[PDB]
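1. This one is an experimental structure. Sequence first:
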Amino acid sequence: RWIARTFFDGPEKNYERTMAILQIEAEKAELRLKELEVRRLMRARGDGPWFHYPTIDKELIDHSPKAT
Amino acid sequence: XXXXXXXXXXXXXXXXXXXXXXXXXXXXXXXXXXXXXXXXXXXXXXXXXXXXXXXXXXXXXXXXXXXXXXXXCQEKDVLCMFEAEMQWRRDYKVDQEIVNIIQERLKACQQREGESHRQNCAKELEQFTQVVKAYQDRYXXXXXXXXXXXXXXXXXXXXXXXXXXXXXX
């Protein structure tokens, strides 16, 4: 009982805790698997703003020339 | 007490019929050593009990029940499975020590009969075969190191084999 105080965390700790660490771990694992799933799609088809190659130009010239 | 089986009643009574010699030397020493150091140790135990006076209560074992089984929680999720893994492990630690009590019941069967041993008892050997067989087929004993997910697969393997045998016969 003396060893339980100021030397031990207790059974309440690491049961309420660790599950909190697992809750962050579950979020870290699912989003990393989602990142592997998103990059597998975004690289194959140019749909989103990920792995997009730069284009030539947006605007260059529109004025009237001396063309035929 | 209660959980322990124990003997029904202890017999034995002094006869002392044949010869005189010097009576029973073991019984004469039994009365001698009762006051020599058996009475002194009983007085010292009573003195230690009297010096205790105030004692701590201590609320014994904690409950914590159910919290939903692993079979009920469908699909893999870390938040749900964690409490289910703890529930199965707590039961497995208890089921290990259930066998140990019945193991000690068989230890009591050997001593408290002695001469008969195998011919008598009949209940303790039957109770041992009822629990160990249930422990062998359900609670691992073939599924290597302990795992909650493996136990559900082991239970499904026994159920599928039983259903295939029942439908055929």
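-> Nice, thanks for sending it over. Numbers count the residues shown, from 1 in each chain, chains lettered A, B, ... in the order given.
2. How is the single nearest residue of chain A relative to chain B assigned, secondary-structure-wise?
-> The nearest approach of chain A to chain B comes at residue A:26, 3.8 Å away (CB to the nearest CB). The way it works is simple: take the backbone N, C-alpha and C, and place the C-beta from them, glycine included. Put simply, residue A:26 is helix when judged by DSSP: H, G, I helix; E, B strand; the rest coil.
3. So what's the residue count around the residue in chain B that chain A sits nearest to?
-> Across chain B, no residue is closer to chain A than residue B:78, which sits at 3.8 Å (CB to the nearest CB). Neighbour count of residue B:78, defined by other CB atoms under 10 Å in any protein chain shown: 15.
4. Show the contacting residues for it.
-> A:22-23, A:25-26, A:29 (CB atoms under 8 Å, 6 or more residues apart in numbering or on different chains).
5. Show me which pair in those residues is furthest apart.
-> A:23 and A:29 (11.1 Å; CB to CB).
6. Could you pull up the contacting residues of the residue of chain A closest to chain B?
-> B:77-79.
7. Turn those residues into JSON lines, columns for secondary structure.
-> Shown next, in JSON lines, are these (three-state DSSP):
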{"residue": "B:77", "secondary structure": "coil"}
{"residue": "B:78", "secondary structure": "helix"}
{"residue": "B:79", "secondary structure": "helix"}
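8. what's the burial count for residue B:139?
-> Considering only other CB under 10 Å, residue B:139 is surrounded by 20 other residues.
9. Would you agree it is in contact with residue B:92?
-> Yes - using CB atoms under 8 Å, residue B:139 is in contact with residue B:92, at 6.4 Å.
10. Make a ChimeraX selection of the buried ones in the contacts of residue B:78.
-> Buried residues within these, by 16 or more other CB atoms under 10 Å in any protein chain shown, are selected in ChimeraX with:
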select /A:26
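11. Secondary structure element for the nearest residue to residue B:117 once chain neighbours are set aside, which one?
-> Nearest residue to residue B:117, sequence neighbours excluded (CB to CB, 6 or more residues apart in numbering or on different chains): residue B:110, at 5.9 Å. According to DSSP states H and E, residue B:110 maps onto helix B:78-111.
12. can you check residue A:40 too?
-> Residue A:40 belongs to helix A:19-42, assigned by DSSP H and E.
13. Repeat that for residue A:50.
-> Judged by DSSP H and E, residue A:50 forms part of no helix or strand.
14. give me the number of residues near the residue nearest to it when sequence neighbours are not counted?
-> Leaving aside its chain neighbours, residue A:50 sits nearest to residue A:42 (4.1 Å; criterion: CB to CB, 6+ apart). Other residues near residue A:42 come to 15 when the count uses other CB under 10 Å.
15. what does residue B:121 give?
-> Neighbour number of residue B:121 under other CB under 10 Å is 18.
16. Contact partners for the nearest residue to it once chain neighbours are set aside?
-> Distances taken as CB to CB, 6+ apart place residue B:109 nearest to residue B:121, at 4.6 Å, with adjacent residues excluded. Going by CB under 8 Å, 6+ apart, residue B:109 touches B:117, B:121, B:124-125.
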